[PDB]
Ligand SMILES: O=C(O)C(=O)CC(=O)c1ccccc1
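Given next, in structure tokens, is a single chain: the form deposited without 2-4-dioxo-4-phenylbutanoic acid (XI7).
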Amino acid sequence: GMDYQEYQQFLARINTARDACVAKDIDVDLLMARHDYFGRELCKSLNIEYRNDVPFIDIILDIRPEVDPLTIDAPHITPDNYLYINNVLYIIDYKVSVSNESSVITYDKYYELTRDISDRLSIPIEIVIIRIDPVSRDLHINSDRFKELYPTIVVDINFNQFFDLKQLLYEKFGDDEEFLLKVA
């Protein structure tokens, strides 16, 4: 599961919270911690490095170190991760969601913003959304090419603590209309 310190930090904020805007920031932070928790575990299952916000220009400098970062025409995105194997660049995004809606948004954006640079570099750029459905816990991966490389991916985890914390937050703020209808 999630780290004890991390759980306790959430427990403390929820217990201290008295206002809708604070409660909504907790809701949002839980979802991001859940996402990052999956990312870490997924990367351990794949035996790849967990990466800390690598902008696309740095991905390119890593794989083609002769390029000039000051002049290259290159998209401005920061994916969760990437892998360069056998001269294919896999651009990886983690998702934790019961639906694909957020995945389609990310895929379309990344796909469209990377076609030109793929052509300029002569490097195929494969967009890989790795989503886990937090209820079923099944993995859903769009990219057949990526699945060829990793055909048997097992990430044995659950999100029971995020669900518990969220459930606690909504019980504590369940008669605050302002919280119930608050946007992120």
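In this text, residue numbers run from 1 along the sequence as written.
Another form, the form deposited with 2-4-dioxo-4-phenylbutanoic acid (XI7) bound, is not on view; read the next lines as being about it.
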item: Ligand-site obstruction classification: 2-4-dioxo-4-phenylbutanoic acid (XI7), superposed in the entry with it bound, backbone or C-beta within 2.4 Å; value: open
item: 2-4-dioxo-4-phenylbutanoic acid (XI7) contact in the entry with it bound: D62, any heavy atom under 4.5 Å; value: no
item: Partner proximity in the entry with it bound: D53 to 2-4-dioxo-4-phenylbutanoic acid (XI7), non-hydrogen atom cutoff 4.5 Å; value: yes
item: Interface membership of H35, 2-4-dioxo-4-phenylbutanoic acid (XI7) in the entry with it bound, 4.5 Å heavy atom rule; value: yes
item: Heavy atom of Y90 within 4.5 Å of 2-4-dioxo-4-phenylbutanoic acid (XI7) in the entry with it bound; value: no
item: Sequence-ordered residues of 80-113 touching 2-4-dioxo-4-phenylbutanoic acid (XI7) in the entry with it bound, heavy atom within 4.5 Å; value: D80, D93, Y94, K95
